[PDB]
Amino acid sequence: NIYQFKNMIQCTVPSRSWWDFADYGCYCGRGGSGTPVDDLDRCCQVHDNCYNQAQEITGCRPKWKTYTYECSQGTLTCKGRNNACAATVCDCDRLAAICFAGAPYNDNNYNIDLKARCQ
Ligand SMILES: [Ca+2]
């Protein structure tokens with residue numbers, strides 16, 4: 001679920017408030033269209049697409065599904081007790097968190113005008 005995703009981000013990117021990823025480019029947070037603005041935005045586009053795939057699983061709701069994961073000593077892991085839905089969502093989140101940690105963050109791409117620039 002989103003709370004756990006937030007914690008993953010805190011796990012992998014301690015040097016930034018998670019809010020910094022909540023409104024970035026065309027895909028980071030609200031927004032699911034247009035040409036990705038940069039590498040970080042591409043991370044979010046992949047995450048968006050990943051959730052769309054997971055929602056094809058019967059009764060699978062990515063924003064709300066609680067999964068089993070662990071964040072310790074610099075390592076993010078999705079546990080083996082997850083059902084198909086939980087495993088899929090946990091992996092979408094994990095890969096995105098890892099993606100965020102390696103992508104440059106450009107302040108000029110925060111809170112851009114989605115209606116005008118993401119067509
Ligand atoms: Ca999005």
# chains A, B, ... in the order shown; residues from 1 in each chain; ligands from 1

$ residues_near_ligand --ligand "ligand 1" --cutoff "9 Å" --atoms "only C-alpha atoms and all ligand atoms" --output "ChimeraX atom specification"
/A:22-23,26-33,44-45,47-49

$ residues_around --residues "segment 99-115 of chain A" --least-positions-apart "5" --cutoff "7 Å" --atoms "only C-alpha atoms" --output "JSON, numbers by chain"
{"A": [12, 13, 23, 24, 25, 26, 39, 40, 43]}

$ write_last_selection --atoms "N, CA, C and O atoms" --output "mmCIF file, in the first residue's frame"
data_model
loop_
_atom_site.group_PDB
_atom_site.id
_atom_site.type_symbol
_atom_site.label_atom_id
_atom_site.label_comp_id
_atom_site.auth_asym_id
_atom_site.auth_seq_id
_atom_site.Cartn_x
_atom_site.Cartn_y
_atom_site.Cartn_z
ATOM 1 N N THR A 12 15.352 3.893 1.031
ATOM 2 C CA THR A 12 16.372 3.979 -0.008
ATOM 3 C C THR A 12 16.906 5.377 -0.263
ATOM 4 O O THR A 12 18.033 5.533 -0.724
ATOM 5 N N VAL A 13 16.096 6.391 0.030
ATOM 6 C CA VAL A 13 16.508 7.777 -0.170
ATOM 7 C C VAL A 13 16.346 8.588 1.118
ATOM 8 O O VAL A 13 15.478 9.456 1.215
ATOM 9 N N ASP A 23 5.084 14.960 -6.444
ATOM 10 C CA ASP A 23 4.611 15.847 -7.497
ATOM 11 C C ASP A 23 5.807 16.222 -8.352
ATOM 12 O O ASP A 23 6.337 17.324 -8.244
ATOM 13 N N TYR A 24 6.238 15.294 -9.197
ATOM 14 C CA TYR A 24 7.421 15.513 -10.017
ATOM 15 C C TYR A 24 7.181 15.041 -11.445
ATOM 16 O O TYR A 24 6.664 13.943 -11.669
ATOM 17 N N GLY A 25 7.540 15.884 -12.408
ATOM 18 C CA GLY A 25 7.381 15.551 -13.813
ATOM 19 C C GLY A 25 5.951 15.205 -14.190
ATOM 20 O O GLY A 25 4.997 15.665 -13.557
ATOM 21 N N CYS A 26 5.807 14.378 -15.221
ATOM 22 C CA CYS A 26 4.498 13.983 -15.722
ATOM 23 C C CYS A 26 3.930 12.741 -15.043
ATOM 24 O O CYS A 26 2.720 12.513 -15.076
ATOM 25 N N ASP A 39 14.988 11.078 -16.250
ATOM 26 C CA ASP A 39 15.197 9.719 -15.755
ATOM 27 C C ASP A 39 14.287 9.374 -14.574
ATOM 28 O O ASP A 39 13.724 8.279 -14.516
ATOM 29 N N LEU A 40 14.167 10.306 -13.631
ATOM 30 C CA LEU A 40 13.338 10.101 -12.450
ATOM 31 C C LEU A 40 11.877 9.913 -12.839
ATOM 32 O O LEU A 40 11.188 9.048 -12.298
ATOM 33 N N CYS A 43 11.225 6.524 -14.023
ATOM 34 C CA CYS A 43 11.043 5.593 -12.909
ATOM 35 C C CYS A 43 9.567 5.521 -12.553
ATOM 36 O O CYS A 43 9.013 4.443 -12.350
#

$ residues_around --residues "residue 84 of chain A" --least-positions-apart "4" --cutoff "9 Å" --atoms "only C-alpha atoms" --output "number ranges by chain"
A: 57, 60, 88-89

$ select_by_dssp --residues "chain A" --states "strand (DSSP E or B)" --output "VMD selection string"
chain A and resid 23 to 24 28 to 29 69 to 72 75 to 78 110

$ select_by_dssp --residues "chain A" --states "helix (DSSP H, G or I)" --output "PyMOL selection string"
chain A and resi 2-12+18-21+39-54+84-102+107-109+114-117

$ closest_residue --among "A:46, A:9, A:96, A:2" --to "residue 67 of chain A" --atoms "only C-alpha atoms"
A:2
